Every structure is written in structure tokens, then in C-alpha cells.
Amino acid sequence: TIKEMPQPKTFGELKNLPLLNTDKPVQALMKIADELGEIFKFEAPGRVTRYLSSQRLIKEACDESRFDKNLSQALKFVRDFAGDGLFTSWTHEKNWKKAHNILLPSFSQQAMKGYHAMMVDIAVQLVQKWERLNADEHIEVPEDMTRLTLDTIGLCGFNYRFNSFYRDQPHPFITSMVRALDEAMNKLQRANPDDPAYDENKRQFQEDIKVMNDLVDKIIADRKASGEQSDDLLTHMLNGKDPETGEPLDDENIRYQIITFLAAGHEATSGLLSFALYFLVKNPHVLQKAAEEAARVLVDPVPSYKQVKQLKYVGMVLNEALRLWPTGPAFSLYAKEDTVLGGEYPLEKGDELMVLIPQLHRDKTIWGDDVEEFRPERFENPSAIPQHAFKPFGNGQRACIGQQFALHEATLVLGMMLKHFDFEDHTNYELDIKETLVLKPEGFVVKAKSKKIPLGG
Ligand code: HEM
């Protein structure tokens, strides 16, 4: 029966804003959820949102006939450069539905067979970089994983090589995109957006859009000119027609999808690999068990697709890192119609909800009371996890289109890492989670000792 929604203390016209004075708002909101429970309202001047934390309420939120994906303010600023790509489109936009129908078969578990060789290509480069470090040296984990995922997505996405392992300063495209992403995030905390002190920012953001558009438009035009087929997504987008309308994507939209895959894919996948390595080095017994499987399964100089599929425990490791620290930590929904949530909380059409995924993943009625512990064995039998309890890829038709890709990629790379090196948390690293569009273990570093096992040929 109808309840008032909990809300943290408001401070006059500042409302709840003083409780979020932080560059780590997700982490700050988990602490409010621990105080207030499965649902709370959070008010800033001019904005209201509800934060959901329990599997019980999230399962309702995930009903697509009642709620649909909302573009949060972050996603609307990212739309300045990612346009109506899949990630920053409303569900009702014709290009959302066209791209979705055209691209889905290109992201399935089956489609992974055709990307695997390109993924091995960048994965071998990463292993060789680490084999070639001298004794005195260490690895900057998120930085190398970001080099890996950007290059993998560039190769599989549109057969372009950013050659990140050949560079101290990334390819201009990558500098621009990271900077554009950075600016989108900085605009959120921007008190007075139109003050002249942000004129250089605006100009730089415009310059970064042109850089990104120019490269991608040039590669699209070059592939149409050359007319040749690759195993890449760009080939699928140029030949693909929506079975609903029978129409292909236009060139501009194809550009946006390409910028989208890179922008949406690379940082979350990078974060996942970094957190996985974090948890392994902090849990040596889990590390040994994963390394044992890697040694037993990956008996070839390079992994085949079928071998990657056999790495069950590595898969469990990844899921358990996603349970604790899902690298896209929140997603936003609006009420399609007036509705009552959980039998107690009335909502009007348009009202916004945010799913706080790390807090969902600590629901003790689902996971047990030990929710903070890293235990991959939670995932030994995935069919036994209750529906909507584990949501690191979002929900329904607006769920992560890259989920198979990200998992295949992380499994492959992690298995290769576990196979070829021993690791040492030589600084006793204290976890520091930076928040942007995604989560990542900032400043995470390790030493790898090579097991001297020969590689790909
Ligand atoms: C560990 C890696 C990843 C995680 C945790 C992650 C998470 C997510 C989440 C939570 C969403 C839903 C966002 C929302 O509701 O607003 C999403 C959507 C999306 N993701 Fe991922 N992602 C990952 C990797 C990737 C990769 C590798 C790609 C592409 C190569 C990708 C492409 C996309 C796209 C295009 C969408 C929009 C789908 C749509 O709305 O139709 N993601 N992802």
C-alpha cells in the first residue's frame, strides 16, 4: 500500500546536492542506498531521480511494456559526437530500430567466430609487449587494456589499425575521442556552462568532433570505393538491410555506429579486464585456479575459438568481477505510462529511475550475506542465478549489443595472460575507482613474470 519514497536530507535550495560533492557519485550513492534501502529519491536543483537497488524493484523496472531506456544528461552530451548511434538513441527513433535489427546477427555468439582471429591479433601484441619488458619494469594495467580494447574494436569494427602498442601518444582519433568523452563528463559538473572560460573547451570539442568524423567518413568512403569484403562490422553495415523496412543504414549513421562502438565499448571492456586482474592478484588462490585452467585448456601456441569457450572458470572470474564492479555502473529508465512500482511507489508518465547496478549486485536476499567477497564459484551454475539479479549489460532490447564481443574478448585475453605470466602486486595496490561513463581501477600496476611459453606463429 502507498508509501512515501525515502529521501536523504535536503539542505534548503541545494536540495540533496551537498551529499554528492564528489567525482565518485556512484560510490557515494551506494552508501546512501546502504542507509536508505532499495529505493530513494534524489533531488538536485531542477532534477529529480529515483535510485533502485533491490532485485525486487529492479525486476519491475526491467518490464519493457512499463519502462524504457532514458537518455541521461551524460548520454545527451555524448550524443553530440555519437549522434543517433545505438547507445545514445531513443528506442522510438527509426535509426535505433534499423541499426538494432541490422547489427544484432553481427554481435551474436556465432558472429564471434569471425572476429576471433582479429582479437587474437591484438591479444598477441599485448602478450609480446609484456614478454619484452626488462626486469626493472612494471605494467600500467588499465592503460594497456585500453590500448588492447581500442585496437581490437578498431580492427574488428572497421579494419583500421590505431597501432596503440607502437605509440606513447595515441592515434589522433583516440586522443580526440577520449577528450570528447572527457568534455561530455566535465559538462555535467559545469556550474556556469556559457562563461567565456569554456570557450577553449567548446572550440576543442568542435575540433575533436571533426577529427572523429573526418577519419571515419574517409574510411567509409574508401571501403565503398574499393568495394571489398572483410570480416568486419563495417562490411556488415554496408551490405545489411533491415528485414523490417528492407532499408540499409545510411553513411552518416554508419559513422555514428562506428564512433559508438569505440566510445561505448572500449572503456567498459578495459575496466572489466583491469578489475578482473585486480581481483586475481588480490586473491592468489583464485589466481592459481584460473591459471591452472588456462594451462590445461590453451594447449596451442594460440587459442582457438573453441578453446576460449572451454575456459569456464575464467568466465566465472569475469562475471564475479562484473558482479562487484560492473564497469557501466548505472542505467536510466523513464515510466512509459503512470504506474505503481513495487505495489507502493506511484510514478507519473515521464518519471525517471536509475538502476544502481553495483548495489543490485549486493542484494543479500539474492546473493547471501557475504556480498563483498570475491567468489567466482557464485557463477558455477548460471541457470541458477535468479532472473534480473545480475545486470552488468543493462536490460531487454536496450541491453549491451556488445556483450558477447566483450566477454569473448575478455576471456581470451585473460586466459592468455594467465597462461603466459605470473603476476605480482608489487606495490600492494589500494583500489581507487575512477568514475567517468565507466568504472576503472585507477593507477593499478603489476609486475608480470614470464613463464617462457612460446606464442603464436
Ligand atoms: C565489459 C564490457 C561492457 C559492459 C559492462 C557494457 C555495458 C553496457 C550497458 C549497461 C549498456 C546499457 C546502457 C543503458 O541502458 O543506457 C550497454 C549498451 C550498449 N553497449 Fe555495452 N558494455 C560493454 C562493452 C561493450 C562493447 C565491446 C560494445 C561494442 C563493441 C558495446 C556496445 C554497446 C552498444 C552499441 C549499446 C547500446 C545498445 C542499444 O541500446 O541498442 N558495449 N552496454
Side-chain angles (χ1 to χ4, degrees), residues 26 30 55 58-59 62 107-109 112 119 141-142 145 149 265 267-294 297-298 303 307-308 310-331 355-368 370-379 381-396 399-418 431 433 438-441 444:
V26 171
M30 289 158 66
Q55 182 269 355
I58 281 150
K59 179 171 66 189
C62 286
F107 280 97
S108 72
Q109 186 50 50
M112 297 308 116
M119 302 190 187
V141 179
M145 298 300 174
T149 62
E267 220 182 343
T269 313
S270 178
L272 171 56
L273 277 155
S274 305
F275 280 110
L277 191 62
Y278 170 87
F279 283 115
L280 296 158
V281 300
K282 291 300 188 182
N283 292 277
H285 293 146
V286 175
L287 201 174
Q288 190 181 308
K289 177 154 173 203
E292 288 176 330
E293 171 181 87
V297 167
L298 299 175
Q307 297 176 328
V308 178
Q310 288 178 125
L311 289 177
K312 180 201 204 314
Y313 196 75
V314 176
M316 290 157 64
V317 177
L318 290 163
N319 284 326
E320 175 65 344
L322 290 177
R323 191 190 60 87
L324 288 163
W325 293 119
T327 53
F331 59 94
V355 173
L356 204 49
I357 307 175
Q359 195 77 1
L360 170 69
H361 284 180
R362 296 172 168 66
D363 189 333
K364 288 180 179 157
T365 69
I366 294 308
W367 304 92
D370 71 344
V371 288
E372 292 298 335
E373 309 304 328
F374 178 75
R375 178 151 75 257
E377 295 75 13
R378 292 187 209 266
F379 289 91
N381 177 1
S383 90
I385 289 158
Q387 66 141 53
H388 307 298
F390 181 58
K391 289 204 88 81
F393 297 102
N395 187 62
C400 189
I401 206 170
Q403 162 181 359
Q404 326 293 148
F405 190 96
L407 288 176
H408 190 78
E409 152 89 307
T411 304
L412 166 69
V413 173
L414 196 53
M416 284 172 85
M417 293 164 50
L418 280 171
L431 183 60
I433 309 172
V438 302
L439 301 188
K440 75 148 168 148
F444 181 39

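Computed from heavy atoms alone, side chains included, the values below leave out hydrogens, waters and symmetry copies. By convention here, the first residue in the shown sequence is residue 1.
With values rounded to the nearest 0.5 angstrom, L439 atom CG is found 11.5 Å from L324 atom CG. Rounding to the nearest 0.5 angstrom, the gap separating the CD1 atom in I366 from the CG atom in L360 is 8.5 Å. The distance from the NE2 atom of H408 to the CE atom of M112 is 8.0 Å, given to the nearest 0.5 Å. Rounding to the nearest 0.5 Å places NZ of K440 at 9.5 Å from CZ of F275. Rounding to the nearest 0.5 Å gives a distance of 9.0 Å between CZ of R323 and CD of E373. Here the CG-OG1 distance, from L407 to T269, works out to 8.5 Å after rounding to the nearest 0.5 Å.
For the pair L272 and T327, the tightest heavy-atom approach, listed with the atom from each and the gap, is N-CG2, 3.4 Å. Heavy-atom minimum distance, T411 versus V314: O-CG1, 3.8 Å. When all heavy atoms of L280 and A290 are compared, the pair lying nearest together is CD2-CB, 4.4 Å. The nearest pair of heavy atoms linking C62 to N395 is O-ND2, 2.8 Å. Contact detail for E320 and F379: the closest heavy-atom pair is OE1-CE1, 3.4 Å. Residues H361 and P326 share a closest heavy-atom pair of ND1-CG, 3.9 Å.
A 4.5 Å side-chain heavy-atom check between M417 and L277 finds at least one atom pair inside the cut-off. Between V141 and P441 the shortest side-chain heavy-atom distance does not fall below 4.5 Å. Taking the side chain as every heavy atom from C-beta outward, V286 and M316 never approach each other to under 4.5 Å.
Ion pairing between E292 and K289 fails under the 4.0 Å rule for side-chain N and carboxylate O. Salt-bridge check for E372 with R362: passed, with a basic side-chain N closer than 4.0 Å to an acidic carboxylate O.
Between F390 and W367, the ring planes are perpendicular. Angles over 60° get that label, and only those under 30° would be called parallel.
Listed by chain and residue number, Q55, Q387, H388 satisfy the side-chain contact (heavy atoms from CB on, under 4.5 Å) test with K59 (two or more places apart in sequence, or in another chain). Residues meeting the side-chain hydrogen bond (donor to acceptor under 3.5 Å, both in side chains) test with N283, sequence neighbours left out: none.
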Before you tell me yes or no, could you show the steps for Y278 and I433 under side-chain contact (heavy atoms from CB on, under 4.5 Å), namely the whole-Å CA-CA distance, both residues' side-chain angles and the distance that decides it to 0.1 Å? CA-CA 11 Å; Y278 170 87; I433 309 172; over 6 Å; no
Intermediate values then yes/no, side-chain contact (heavy atoms from CB on, under 4.5 Å), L287 and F279: CA-CA 8 Å; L287 201 174; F279 283 115; over 6 Å; no
Verdict with reasoning, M119 to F405, per side-chain contact (heavy atoms from CB on, under 4.5 Å): CA-CA 10 Å; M119 302 190 187; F405 190 96; 3.4 Å; yes
Check step by step if side-chain contact (heavy atoms from CB on, under 4.5 Å) holds for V26 and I357. CA-CA 9 Å; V26 171; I357 307 175; over 6 Å; no
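Although no hydrogens or angles enter the test, the distance criterion places a donor-acceptor pair under 3.5 Å between the side chain of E293 and the main chain of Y313.
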